[PDB]
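Undergrad: Next up, query.tsv (TSV, C-alpha atoms).
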chain	number	residue	atom	x	y	z
A	1	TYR	CA	2.92	24.58	-50.52
A	2	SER	CA	-0.83	24.06	-49.97
A	3	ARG	CA	-0.79	25.37	-46.38
A	4	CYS	CA	-3.55	26.67	-44.09
A	5	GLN	CA	-3.86	29.77	-41.87
A	6	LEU	CA	-2.54	29.70	-38.29
A	7	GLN	CA	-4.27	29.33	-34.90
A	8	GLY	CA	-5.58	32.41	-33.05
A	9	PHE	CA	-5.70	34.32	-36.35
A	10	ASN	CA	-8.48	36.32	-38.06
A	11	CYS	CA	-11.07	35.11	-40.59
A	12	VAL	CA	-13.46	36.52	-43.22
A	13	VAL	CA	-17.17	35.67	-42.91
A	14	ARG	CA	-17.86	37.56	-46.16
A	15	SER	CA	-15.26	35.89	-48.41
A	16	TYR	CA	-17.75	34.77	-51.10
A	17	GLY	CA	-16.53	31.85	-53.23
A	18	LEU	CA	-14.11	30.93	-50.42
A	19	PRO	CA	-11.32	32.94	-52.06
A	20	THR	CA	-9.23	33.32	-48.88
A	21	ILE	CA	-7.51	30.15	-47.59
A	22	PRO	CA	-9.59	28.78	-44.70
A	23	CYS	CA	-7.83	27.50	-41.56
A	24	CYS	CA	-6.71	23.85	-41.81
A	25	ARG	CA	-9.00	21.02	-40.63
A	26	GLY	CA	-9.53	21.18	-36.85
A	27	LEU	CA	-9.90	24.98	-36.79
A	28	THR	CA	-13.27	26.76	-37.10
A	29	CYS	CA	-14.03	30.34	-38.24
A	30	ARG	CA	-16.74	32.35	-36.45
A	31	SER	CA	-17.65	36.06	-36.65
A	32	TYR	CA	-17.43	38.43	-33.65
A	33	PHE	CA	-21.21	38.86	-34.05
A	34	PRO	CA	-24.08	39.31	-36.51
A	35	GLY	CA	-23.80	42.66	-38.34
A	36	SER	CA	-20.03	42.73	-38.95
A	37	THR	CA	-17.65	41.47	-41.66
A	38	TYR	CA	-14.77	39.88	-39.70
A	39	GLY	CA	-14.13	37.14	-37.11
A	40	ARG	CA	-11.41	34.92	-35.61
A	41	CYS	CA	-10.12	31.35	-36.12
A	42	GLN	CA	-9.21	28.85	-33.38
A	43	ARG	CA	-8.49	25.10	-33.17
A	44	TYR	CA	-12.11	24.41	-32.16
Could you rewrite the structure in this file as C-alpha cells?
TA:
Amino acid sequence: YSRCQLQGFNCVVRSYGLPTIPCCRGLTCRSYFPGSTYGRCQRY
C-alpha cells in the first residue's frame, strides 16, 4: 500500500491538486516542453 510510480514512466504537469500519485522521493517529473500537458519521470 502507499506506493509510488515507477522509473522511466510518464507524468502529468497539469494534475492540479496533485491528484495523481507522484513518483517516489528521488525521482523528478518534467514536461517534454512548454505548451504541452504531459512529461516523463526519472530517478533524477
Undergrad: Using all atoms listed in the file, give me every residue within 9 Å of (-11.9, 30.3, -36.7) in file coordinates, as a PyMOL selection string.
TA: chain A and resi 7-11+22-23+27-31+39-44
Undergrad: Would you write out those residues with C-alpha atoms, as an mmCIF file, keeping the file's coordinate frame?
TA:
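selection34.cif, freshly written:
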data_model
loop_
_atom_site.group_PDB
_atom_site.id
_atom_site.type_symbol
_atom_site.label_atom_id
_atom_site.label_comp_id
_atom_site.auth_asym_id
_atom_site.auth_seq_id
_atom_site.Cartn_x
_atom_site.Cartn_y
_atom_site.Cartn_z
ATOM 1 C CA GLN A 7 -4.270 29.330 -34.900
ATOM 2 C CA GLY A 8 -5.580 32.410 -33.050
ATOM 3 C CA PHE A 9 -5.700 34.320 -36.350
ATOM 4 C CA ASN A 10 -8.480 36.320 -38.060
ATOM 5 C CA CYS A 11 -11.070 35.110 -40.590
ATOM 6 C CA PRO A 22 -9.590 28.780 -44.700
ATOM 7 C CA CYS A 23 -7.830 27.500 -41.560
ATOM 8 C CA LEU A 27 -9.900 24.980 -36.790
ATOM 9 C CA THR A 28 -13.270 26.760 -37.100
ATOM 10 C CA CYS A 29 -14.030 30.340 -38.240
ATOM 11 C CA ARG A 30 -16.740 32.350 -36.450
ATOM 12 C CA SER A 31 -17.650 36.060 -36.650
ATOM 13 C CA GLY A 39 -14.130 37.140 -37.110
ATOM 14 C CA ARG A 40 -11.410 34.920 -35.610
ATOM 15 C CA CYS A 41 -10.120 31.350 -36.120
ATOM 16 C CA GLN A 42 -9.210 28.850 -33.380
ATOM 17 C CA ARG A 43 -8.490 25.100 -33.170
ATOM 18 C CA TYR A 44 -12.110 24.410 -32.160
#
Undergrad: Would you mind telling me which residue in A:37, A:14, A:19, A:24 lies nearest to residue A:2 when using all atoms listed in the file?
TA: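 Checking each of A:37, A:14, A:19, A:24 against residue A:2, counting all atoms listed in the file, the winner is A:24.
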Undergrad: How many Å separate atom CA of residue A:36 from atom CA of residue A:13?
TA: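 Computing the Euclidean distance for atom CA of residue A:36 and atom CA of residue A:13 yields 8.6 Å.
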